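J.: This is the content of coords33.cif (mmCIF, C-alpha atoms and all ligand atoms):
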```
data_input
loop_
_atom_site.group_PDB
_atom_site.id
_atom_site.type_symbol
_atom_site.label_atom_id
_atom_site.label_comp_id
_atom_site.auth_asym_id
_atom_site.auth_seq_id
_atom_site.Cartn_x
_atom_site.Cartn_y
_atom_site.Cartn_z
ATOM 1 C CA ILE A 1 -30.354 -1.400 -31.429
ATOM 2 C CA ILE A 2 -30.847 -5.128 -32.049
ATOM 3 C CA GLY A 3 -33.132 -5.615 -35.064
ATOM 4 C CA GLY A 4 -35.440 -2.709 -35.949
ATOM 5 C CA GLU A 5 -34.633 -0.464 -38.873
ATOM 6 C CA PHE A 6 -32.171 2.169 -40.019
ATOM 7 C CA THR A 7 -33.414 5.750 -39.770
ATOM 8 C CA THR A 8 -32.254 9.368 -39.948
ATOM 9 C CA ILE A 9 -32.372 12.267 -37.507
ATOM 10 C CA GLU A 10 -35.554 13.668 -39.148
ATOM 11 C CA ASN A 11 -37.457 10.747 -37.573
ATOM 12 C CA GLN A 12 -36.062 11.484 -34.087
ATOM 13 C CA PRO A 13 -34.953 15.181 -34.229
ATOM 14 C CA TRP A 14 -34.445 15.437 -30.425
ATOM 15 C CA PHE A 15 -31.791 12.689 -30.445
ATOM 16 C CA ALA A 16 -28.417 13.883 -29.113
ATOM 17 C CA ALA A 17 -25.160 12.094 -29.968
ATOM 18 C CA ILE A 18 -22.682 12.374 -27.077
ATOM 19 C CA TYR A 19 -18.935 11.735 -27.507
ATOM 20 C CA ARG A 20 -15.834 12.012 -25.286
ATOM 21 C CA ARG A 21 -12.454 13.513 -26.111
ATOM 22 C CA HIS A 22 -9.398 11.604 -25.043
ATOM 23 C CA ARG A 23 -6.463 11.727 -23.638
ATOM 24 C CA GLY A 24 -4.496 12.684 -26.715
ATOM 25 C CA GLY A 25 -7.449 13.780 -28.776
ATOM 26 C CA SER A 26 -9.299 10.930 -30.357
ATOM 27 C CA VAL A 27 -13.059 11.298 -29.961
ATOM 28 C CA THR A 28 -15.239 8.229 -29.330
ATOM 29 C CA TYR A 29 -19.000 7.763 -28.949
ATOM 30 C CA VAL A 30 -20.330 7.517 -25.389
ATOM 31 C CA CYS A 31 -24.133 7.529 -25.283
ATOM 32 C CA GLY A 32 -27.397 8.943 -26.633
ATOM 33 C CA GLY A 33 -29.522 11.704 -25.113
ATOM 34 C CA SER A 34 -32.670 13.755 -25.753
ATOM 35 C CA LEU A 35 -33.087 17.501 -26.254
ATOM 36 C CA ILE A 36 -35.758 18.674 -23.783
ATOM 37 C CA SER A 37 -35.181 22.424 -24.334
ATOM 38 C CA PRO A 38 -32.816 24.541 -26.438
ATOM 39 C CA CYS A 39 -30.030 24.429 -23.785
ATOM 40 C CA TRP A 40 -30.676 21.043 -22.096
ATOM 41 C CA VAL A 41 -30.031 17.429 -23.062
ATOM 42 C CA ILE A 42 -31.161 14.572 -20.816
ATOM 43 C CA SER A 43 -29.265 11.253 -20.644
ATOM 44 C CA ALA A 44 -28.111 8.543 -18.167
ATOM 45 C CA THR A 45 -25.615 9.117 -15.285
ATOM 46 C CA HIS A 46 -23.838 5.759 -15.906
ATOM 47 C CA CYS A 47 -22.604 7.186 -19.229
ATOM 48 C CA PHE A 48 -20.464 9.818 -17.458
ATOM 49 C CA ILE A 49 -19.739 8.453 -13.951
ATOM 50 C CA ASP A 50 -16.240 7.101 -14.805
ATOM 51 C CA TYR A 51 -15.208 10.402 -16.470
ATOM 52 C CA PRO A 52 -17.292 13.046 -14.658
ATOM 53 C CA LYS A 53 -15.498 16.114 -16.141
ATOM 54 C CA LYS A 54 -17.736 18.243 -18.439
ATOM 55 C CA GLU A 55 -14.822 19.504 -20.600
ATOM 56 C CA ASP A 56 -14.234 15.936 -21.862
ATOM 57 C CA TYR A 57 -17.570 15.777 -23.780
ATOM 58 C CA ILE A 58 -18.983 16.936 -27.115
ATOM 59 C CA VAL A 59 -22.705 16.870 -27.990
ATOM 60 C CA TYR A 60 -24.116 16.822 -31.535
ATOM 61 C CA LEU A 61 -27.687 17.576 -32.542
ATOM 62 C CA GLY A 62 -29.089 16.883 -36.021
ATOM 63 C CA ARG A 63 -26.671 13.970 -36.555
ATOM 64 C CA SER A 64 -27.734 10.779 -38.419
ATOM 65 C CA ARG A 65 -24.309 9.075 -38.658
ATOM 66 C CA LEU A 66 -21.740 8.069 -36.055
ATOM 67 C CA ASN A 67 -18.348 8.993 -37.537
ATOM 68 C CA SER A 68 -19.276 11.300 -40.428
ATOM 69 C CA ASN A 69 -20.948 14.701 -40.337
ATOM 70 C CA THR A 70 -24.614 15.207 -41.232
ATOM 71 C CA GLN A 71 -25.609 18.302 -43.187
ATOM 72 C CA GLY A 72 -27.192 20.824 -40.789
ATOM 73 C CA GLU A 73 -25.790 19.293 -37.566
ATOM 74 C CA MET A 74 -24.779 21.435 -34.561
ATOM 75 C CA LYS A 75 -21.841 20.777 -32.223
ATOM 76 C CA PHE A 76 -21.844 21.770 -28.540
ATOM 77 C CA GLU A 77 -19.548 21.843 -25.541
ATOM 78 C CA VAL A 78 -21.019 20.893 -22.145
ATOM 79 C CA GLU A 79 -21.459 24.011 -20.000
ATOM 80 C CA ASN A 80 -22.912 21.868 -17.208
ATOM 81 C CA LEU A 81 -22.811 18.136 -16.405
ATOM 82 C CA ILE A 82 -25.387 17.261 -13.721
ATOM 83 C CA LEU A 83 -25.411 13.684 -12.430
ATOM 84 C CA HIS A 84 -28.040 12.385 -10.003
ATOM 85 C CA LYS A 85 -26.824 12.544 -6.362
ATOM 86 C CA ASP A 86 -28.621 9.257 -5.478
ATOM 87 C CA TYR A 87 -27.116 7.243 -8.348
ATOM 88 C CA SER A 88 -26.052 3.700 -7.493
ATOM 89 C CA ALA A 89 -24.928 0.768 -9.464
ATOM 90 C CA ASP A 90 -25.734 -2.851 -8.722
ATOM 91 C CA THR A 91 -24.203 -5.604 -10.704
ATOM 92 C CA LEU A 92 -26.934 -5.072 -13.256
ATOM 93 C CA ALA A 93 -29.225 -2.362 -12.198
ATOM 94 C CA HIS A 94 -28.450 1.301 -12.130
ATOM 95 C CA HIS A 95 -30.621 3.376 -9.771
ATOM 96 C CA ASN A 96 -31.529 7.003 -10.536
ATOM 97 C CA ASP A 97 -29.793 6.623 -13.884
ATOM 98 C CA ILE A 98 -30.483 10.155 -15.081
ATOM 99 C CA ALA A 99 -28.246 13.083 -16.078
ATOM 100 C CA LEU A 100 -28.598 16.593 -17.506
ATOM 101 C CA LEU A 101 -26.149 18.271 -19.871
ATOM 102 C CA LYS A 102 -26.389 22.042 -20.416
ATOM 103 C CA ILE A 103 -25.191 22.648 -23.964
ATOM 104 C CA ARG A 104 -23.478 25.684 -25.359
ATOM 105 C CA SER A 105 -21.619 26.252 -28.638
ATOM 106 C CA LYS A 106 -18.290 27.913 -29.111
ATOM 107 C CA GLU A 107 -20.285 30.974 -30.159
ATOM 108 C CA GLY A 108 -22.155 30.646 -26.885
ATOM 109 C CA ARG A 109 -25.429 29.540 -28.291
ATOM 110 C CA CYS A 110 -27.944 26.908 -27.458
ATOM 111 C CA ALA A 111 -29.863 24.703 -29.985
ATOM 112 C CA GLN A 112 -31.675 26.444 -32.866
ATOM 113 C CA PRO A 113 -34.629 24.213 -33.889
ATOM 114 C CA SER A 114 -34.640 23.121 -37.545
ATOM 115 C CA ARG A 115 -35.922 20.261 -39.700
ATOM 116 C CA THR A 116 -33.246 18.025 -38.077
ATOM 117 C CA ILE A 117 -33.342 19.483 -34.515
ATOM 118 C CA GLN A 118 -36.466 19.737 -32.284
ATOM 119 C CA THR A 119 -37.268 19.266 -28.576
ATOM 120 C CA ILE A 120 -39.229 16.331 -27.100
ATOM 121 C CA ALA A 121 -41.959 16.861 -24.510
ATOM 122 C CA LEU A 122 -41.601 15.519 -20.973
ATOM 123 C CA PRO A 123 -44.534 13.484 -19.597
ATOM 124 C CA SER A 124 -46.960 14.775 -16.957
ATOM 125 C CA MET A 125 -46.054 13.445 -13.513
ATOM 126 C CA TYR A 126 -46.740 9.782 -12.718
ATOM 127 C CA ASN A 127 -48.511 9.477 -16.118
ATOM 128 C CA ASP A 128 -47.221 6.638 -18.297
ATOM 129 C CA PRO A 129 -48.980 4.529 -20.938
ATOM 130 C CA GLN A 130 -50.499 1.174 -19.937
ATOM 131 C CA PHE A 131 -48.588 -2.101 -20.293
ATOM 132 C CA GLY A 132 -48.589 -3.507 -23.823
ATOM 133 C CA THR A 133 -48.374 0.000 -25.337
ATOM 134 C CA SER A 134 -45.875 0.147 -28.228
ATOM 135 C CA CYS A 135 -43.085 2.732 -27.912
ATOM 136 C CA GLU A 136 -39.971 3.487 -29.950
ATOM 137 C CA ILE A 137 -36.264 3.512 -29.037
ATOM 138 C CA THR A 138 -33.423 5.146 -30.975
ATOM 139 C CA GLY A 139 -29.649 4.912 -30.945
ATOM 140 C CA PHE A 140 -26.204 4.153 -32.383
ATOM 141 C CA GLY A 141 -25.728 1.072 -30.125
ATOM 142 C CA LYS A 142 -24.696 -2.448 -31.176
ATOM 143 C CA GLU A 143 -26.762 -4.368 -33.760
ATOM 144 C CA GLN A 144 -25.728 -7.686 -32.231
ATOM 145 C CA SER A 145 -24.466 -8.490 -28.737
ATOM 146 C CA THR A 146 -21.330 -10.103 -30.254
ATOM 147 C CA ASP A 147 -20.487 -7.075 -32.471
ATOM 148 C CA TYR A 148 -17.281 -5.169 -31.897
ATOM 149 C CA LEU A 149 -18.363 -2.106 -33.908
ATOM 150 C CA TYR A 150 -21.306 0.248 -33.515
ATOM 151 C CA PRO A 151 -23.482 0.896 -36.608
ATOM 152 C CA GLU A 152 -22.483 3.947 -38.627
ATOM 153 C CA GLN A 153 -26.161 4.826 -39.346
ATOM 154 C CA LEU A 154 -28.778 5.681 -36.681
ATOM 155 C CA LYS A 155 -31.348 2.987 -35.856
ATOM 156 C CA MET A 156 -34.740 2.694 -34.210
ATOM 157 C CA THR A 157 -37.165 -0.049 -33.266
ATOM 158 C CA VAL A 158 -40.413 -0.685 -31.405
ATOM 159 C CA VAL A 159 -40.808 -2.351 -28.020
ATOM 160 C CA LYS A 160 -43.853 -2.895 -25.788
ATOM 161 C CA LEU A 161 -44.130 -1.657 -22.196
ATOM 162 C CA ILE A 162 -44.072 -4.426 -19.573
ATOM 163 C CA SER A 163 -45.848 -4.064 -16.239
ATOM 164 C CA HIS A 164 -43.888 -3.647 -13.083
ATOM 165 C CA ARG A 165 -45.433 -6.843 -11.834
ATOM 166 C CA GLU A 166 -44.307 -8.920 -14.742
ATOM 167 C CA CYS A 167 -40.800 -7.367 -14.726
ATOM 168 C CA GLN A 168 -40.534 -7.986 -10.965
ATOM 169 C CA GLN A 169 -40.883 -11.714 -11.449
ATOM 170 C CA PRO A 170 -37.782 -13.642 -10.566
ATOM 171 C CA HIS A 171 -37.732 -15.180 -14.013
ATOM 172 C CA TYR A 172 -37.258 -11.642 -15.261
ATOM 173 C CA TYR A 173 -35.367 -9.247 -12.998
ATOM 174 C CA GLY A 174 -36.649 -9.920 -9.435
ATOM 175 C CA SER A 175 -36.241 -6.826 -7.223
ATOM 176 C CA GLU A 176 -33.496 -5.290 -9.434
ATOM 177 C CA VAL A 177 -36.391 -3.351 -11.043
ATOM 178 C CA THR A 178 -37.965 -0.528 -8.970
ATOM 179 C CA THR A 179 -41.017 1.706 -9.555
ATOM 180 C CA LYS A 180 -38.613 4.408 -10.840
ATOM 181 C CA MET A 181 -37.747 2.041 -13.762
ATOM 182 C CA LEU A 182 -39.792 0.906 -16.790
ATOM 183 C CA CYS A 183 -39.337 -2.398 -18.617
ATOM 184 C CA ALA A 184 -39.965 -2.802 -22.345
ATOM 185 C CA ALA A 185 -39.422 -5.624 -24.830
ATOM 186 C CA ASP A 186 -40.455 -7.375 -28.003
ATOM 187 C CA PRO A 187 -42.989 -10.249 -27.560
ATOM 188 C CA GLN A 188 -40.558 -12.473 -29.553
ATOM 189 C CA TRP A 189 -37.458 -10.948 -27.816
ATOM 190 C CA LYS A 190 -36.391 -10.195 -31.412
ATOM 191 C CA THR A 191 -35.474 -6.487 -31.075
ATOM 192 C CA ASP A 192 -34.035 -4.443 -28.209
ATOM 193 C CA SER A 193 -31.730 -1.711 -26.988
ATOM 194 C CA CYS A 194 -28.072 -2.661 -26.423
ATOM 195 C CA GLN A 195 -24.627 -1.322 -25.445
ATOM 196 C CA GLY A 196 -24.203 2.158 -26.924
ATOM 197 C CA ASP A 197 -27.969 2.920 -26.781
ATOM 198 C CA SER A 198 -27.728 4.011 -23.107
ATOM 199 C CA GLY A 199 -28.994 7.524 -22.444
ATOM 200 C CA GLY A 200 -31.242 7.561 -25.546
ATOM 201 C CA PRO A 201 -35.025 8.064 -25.762
ATOM 202 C CA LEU A 202 -37.925 5.718 -25.209
ATOM 203 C CA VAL A 203 -40.736 7.688 -26.826
ATOM 204 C CA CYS A 204 -44.443 6.928 -26.481
ATOM 205 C CA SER A 205 -47.500 8.621 -27.954
ATOM 206 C CA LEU A 206 -49.571 9.882 -25.059
ATOM 207 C CA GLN A 207 -52.660 11.976 -25.670
ATOM 208 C CA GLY A 208 -51.568 12.398 -29.239
ATOM 209 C CA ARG A 209 -48.285 13.796 -28.148
ATOM 210 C CA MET A 210 -44.803 12.273 -28.579
ATOM 211 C CA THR A 211 -43.449 12.025 -25.024
ATOM 212 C CA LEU A 212 -40.050 11.160 -23.494
ATOM 213 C CA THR A 213 -41.330 8.267 -21.383
ATOM 214 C CA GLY A 214 -37.983 6.568 -20.714
ATOM 215 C CA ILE A 215 -34.206 6.814 -20.968
ATOM 216 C CA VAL A 216 -32.244 3.684 -21.973
ATOM 217 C CA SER A 217 -30.526 2.453 -18.776
ATOM 218 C CA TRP A 218 -29.698 -1.273 -18.557
ATOM 219 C CA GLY A 219 -30.415 -4.905 -19.410
ATOM 220 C CA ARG A 220 -29.012 -8.403 -19.031
ATOM 221 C CA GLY A 221 -27.587 -9.055 -22.446
ATOM 222 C CA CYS A 222 -29.507 -7.799 -25.438
ATOM 223 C CA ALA A 223 -32.728 -9.232 -26.969
ATOM 224 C CA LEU A 224 -32.497 -12.226 -24.589
ATOM 225 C CA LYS A 225 -35.640 -14.136 -23.610
ATOM 226 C CA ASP A 226 -37.076 -13.005 -20.234
ATOM 227 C CA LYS A 227 -34.622 -10.071 -20.032
ATOM 228 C CA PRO A 228 -36.346 -6.853 -21.109
ATOM 229 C CA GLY A 229 -34.714 -3.484 -21.640
ATOM 230 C CA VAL A 230 -34.804 -1.287 -18.551
ATOM 231 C CA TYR A 231 -35.422 2.427 -18.757
ATOM 232 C CA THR A 232 -35.343 5.321 -16.284
ATOM 233 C CA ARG A 233 -38.978 6.248 -15.690
ATOM 234 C CA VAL A 234 -38.972 9.945 -16.677
ATOM 235 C CA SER A 235 -42.411 10.744 -15.133
ATOM 236 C CA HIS A 236 -40.925 9.920 -11.658
ATOM 237 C CA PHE A 237 -38.099 12.525 -11.983
ATOM 238 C CA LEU A 238 -39.915 15.716 -13.006
ATOM 239 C CA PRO A 239 -39.081 17.688 -9.814
ATOM 240 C CA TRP A 240 -35.386 16.743 -10.160
ATOM 241 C CA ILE A 241 -35.508 17.844 -13.813
ATOM 242 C CA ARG A 242 -37.490 20.991 -12.902
ATOM 243 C CA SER A 243 -35.138 21.957 -10.082
ATOM 244 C CA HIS A 244 -31.928 21.364 -12.075
ATOM 245 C CA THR A 245 -33.133 23.247 -15.192
HETATM 246 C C1 LIG B 301 -22.353 -7.263 -21.902
HETATM 247 N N1 LIG B 301 -23.524 -6.350 -22.013
HETATM 248 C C2 LIG B 301 -23.660 -5.027 -21.940
HETATM 249 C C3 LIG B 301 -25.015 -4.721 -22.117
HETATM 250 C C4 LIG B 301 -25.723 -3.491 -22.135
HETATM 251 N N2 LIG B 301 -27.065 -3.591 -22.349
HETATM 252 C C5 LIG B 301 -27.912 -2.535 -22.381
HETATM 253 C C6 LIG B 301 -29.363 -2.796 -22.654
HETATM 254 O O1 LIG B 301 -30.088 -1.832 -22.830
HETATM 255 N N3 LIG B 301 -29.765 -4.081 -22.731
HETATM 256 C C7 LIG B 301 -30.998 -4.514 -22.992
HETATM 257 N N4 LIG B 301 -31.987 -3.663 -23.234
HETATM 258 N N5 LIG B 301 -31.222 -5.763 -22.985
HETATM 259 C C8 LIG B 301 -27.391 -1.253 -22.221
HETATM 260 N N6 LIG B 301 -28.170 -0.133 -22.255
HETATM 261 N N7 LIG B 301 -26.062 -1.126 -22.006
HETATM 262 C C9 LIG B 301 -25.214 -2.193 -21.959
HETATM 263 N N8 LIG B 301 -23.920 -1.866 -21.734
HETATM 264 C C10 LIG B 301 -25.644 -5.956 -22.300
HETATM 265 N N9 LIG B 301 -24.749 -6.964 -22.242
#
```
Taking this structure as input, can you express it in the form of structure tokens?
Ligand SMILES: Cn1cc(-c2nc(C(=O)NC(=N)N)c(N)nc2N)cn1
T.:
Amino acid sequence: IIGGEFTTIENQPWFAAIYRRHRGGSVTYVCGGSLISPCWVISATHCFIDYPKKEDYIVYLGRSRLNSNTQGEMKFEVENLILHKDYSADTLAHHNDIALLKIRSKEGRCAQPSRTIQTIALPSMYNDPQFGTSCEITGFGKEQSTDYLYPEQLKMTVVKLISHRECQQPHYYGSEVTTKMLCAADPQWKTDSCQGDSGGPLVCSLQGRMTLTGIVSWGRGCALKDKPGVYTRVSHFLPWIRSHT
């Protein structure tokens, strides 16, 4: 997250921290995700496509820091890694950039909700907020495009939804953006998602309910003028989510 503010898991208790085991046993951070039910985390396919084996991944819930444990956290193996059959990657754009992870502990249990662990509601179909609506994004991604490290503490920020028409402009992303994607950005281009935030939540208040509106997918650079963040439009994938859960 470029700009924004540090936070803790209590302010985004559905946030899932996803890591990969190597290859000799070091564990490194991969991507964010969102807990949509006790057994199911939703994320982006591009996070897993190069290493599509479920046994390679570990999922934490209730975690506020990257490389140290948070009191009350839960650790899960991935019982099921489901990537979207119609995934494609452009140079920039990822299409159908959506993935489901079925989580199960070594004791064979799913998530127990707590103060640090809760589910996030899915939107109703084809129902998103209007352009200019402020939403929040959360993740452990880079704080500056030039950074080598990821922040050790969880971050969040606010970005405003951009209309498909505006995002379609050549000055922005041309036809790289489809109606299954949402754009969002700061009016000053001051704050944004970045590398390491992929898979995490874009959350909007809709009807007085906190709703998983988007999943962090791609962008050209980070917090660059005329280059918004691009998000998988969750309200266009409900049957896929329904069917696979
Ligand atoms: C070199 N590079 C990588 C990125 C990158 N960017 C994003 C990204 O979200 N960018 C943005 N909102 N402007 C992302 N989710 N993942 C990435 N790997 C941007 N520049």
J.: How would you write, as a list in words, the set of residues no farther than 6 Å from ligand LIG 301 (chain B) when counting only C-alpha atoms and all ligand atoms?
T.: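 Protein and nucleic-acid residues within 6 Å of ligand LIG 301 (chain B): residues 192, 193, 194, 195, 197, 198, 216, 217, 218, 219, 220, 221, 222, 223, 228, 229 and 230 of chain A.
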J.: One decimal, in Å: what's the spacing between atom CA of residue 180 of chain A and atom CA of residue 233 of chain A?
T.: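 Separation of atom CA of residue 180 of chain A and atom CA of residue 233 of chain A: 5.2 Å.
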J.: Could you tell me how far atom CA of residue 164 of chain A lies from atom CA of residue 231 of chain A, in Å and to one decimal?
T.: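 Atom CA of residue 231 of chain A lies at a distance of 11.9 Å from atom CA of residue 164 of chain A.
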J.: Within 8 Å of residue 18 of chain A, counting only C-alpha atoms, which residues qualify if same-chain residues fewer than 2 places away don't, as a PyMOL selection string?
T.: chain A and resi 16+20+29-33+57-60
J.: Go ahead and write the selection's residues with C-alpha atoms as a tab-separated table (two decimals), in the frame of the given file.
T.:
```tsv
chain	number	residue	atom	x	y	z
A	16	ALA	CA	-28.42	13.88	-29.11
A	20	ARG	CA	-15.83	12.01	-25.29
A	29	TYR	CA	-19.00	7.76	-28.95
A	30	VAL	CA	-20.33	7.52	-25.39
A	31	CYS	CA	-24.13	7.53	-25.28
A	32	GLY	CA	-27.40	8.94	-26.63
A	33	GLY	CA	-29.52	11.70	-25.11
A	57	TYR	CA	-17.57	15.78	-23.78
A	58	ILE	CA	-18.98	16.94	-27.12
A	59	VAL	CA	-22.70	16.87	-27.99
A	60	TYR	CA	-24.12	16.82	-31.54
```
J.: When the PyMOL selection byres (((chain A and resi 84) around 8) and not hetatm) is applied to the structure above, which residues does it catch, written out as a list in words?
T.: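 What the PyMOL selection byres (((chain A and resi 84) around 8) and not hetatm) grabs from the file is residues 45, 82, 83, 85, 86, 87, 96, 97, 98 and 99 of chain A.
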J.: Taking the file as I've supplied it (selection: the PyMOL selection byres (((chain A and resi 14) around 7) and not hetatm)), which residues are included? Please answer as an MDAnalysis selection string.
T.: chainID A and resid 12:13 15:16 34:35 117:120
J.: What does the distance between atom CA of residue 6 of chain A and atom CA of residue 150 of chain A come to in Å, to one decimal place?
T.: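 Spanning atom CA of residue 6 of chain A to atom CA of residue 150 of chain A is a straight-line distance of 12.8 Å.
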J.: Evaluating the PyMOL selection byres (((chain A and resi 80) around 7) and not hetatm) on the displayed file yields which residues, as a PyMOL selection string?
T.: chain A and resi 54+78-79+81-82+101-102
J.: Between A:38, A:52, A:170, A:129, which is the closest to residue 111 of chain A once you count only C-alpha atoms?
T.: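 So, comparing all the options, the nearest one is A:38.
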J.: Considering all atoms listed in the file, return as a CSV table (one decimal) with C-alpha atoms, in the coordinates of the input whatever protein or nucleic-acid residues lie within 8 Å of segment 122-125 of chain A, sequence-local ones (same chain, fewer than 6 positions apart) excluded.
T.:
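What follows is the written file result.csv:
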```csv
chain,number,residue,atom,x,y,z
A,36,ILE,CA,-35.8,18.7,-23.8
A,211,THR,CA,-43.4,12.0,-25.0
A,212,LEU,CA,-40.0,11.2,-23.5
A,213,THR,CA,-41.3,8.3,-21.4
A,234,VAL,CA,-39.0,9.9,-16.7
A,235,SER,CA,-42.4,10.7,-15.1
A,236,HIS,CA,-40.9,9.9,-11.7
A,238,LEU,CA,-39.9,15.7,-13.0
```
J.: Using all atoms listed in the file, pick whichever of A:90, A:56, A:73, A:107 has the shortest atom-to-atom distance to residue 17 of chain A.
T.: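 Result for the nearest residue to residue 17 of chain A: A:73.
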J.: Please provide the set of residues having any atom within 6 Å of segment 113-116 of chain A, restricted to all atoms listed in the file, with same-chain residues fewer than 6 positions apart removed, written as an MDAnalysis selection string.
T.: chainID A and resid 9:10 13 62
J.: From the list A:133, A:232, A:105, A:153, which residue is nearest residue 39 of chain A when using only C-alpha atoms?
T.: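 Answer, going by the shortest atom-to-atom distance: A:105.
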J.: When you look at residue 209 of chain A with a cut-off of 9 Å (counting all atoms listed in the file), what residues show up, excluding the ones that are within fewer than 4 positions of it in the same chain? I need them as number ranges by chain.
T.: A: 121, 204-205
J.: Taking (-41.6, 5.0, -29.8) in the file's own coordinates, collect the residues within 8 Å, counting all atoms listed in the file, and hand them back as number ranges by chain.
T.: A: 134-137, 157-159, 202-205
J.: Could you check which of A:92, A:11, A:46, A:51 is closest to residue 175 of chain A, using only C-alpha atoms?
T.: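 The shortest atom-to-atom distance to residue 175 of chain A comes from A:92.
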J.: Give me the box for segment 85-89 of chain A as JSON, namely the centre and edge lengths in Å to one decimal of a box along x, y and z that holds every listed atom plus 3 Å on each side.
T.:
```
{"center_x": -26.8, "center_y": 6.7, "center_z": -7.5, "size_x": 9.7, "size_y": 17.8, "size_z": 10.0}
```
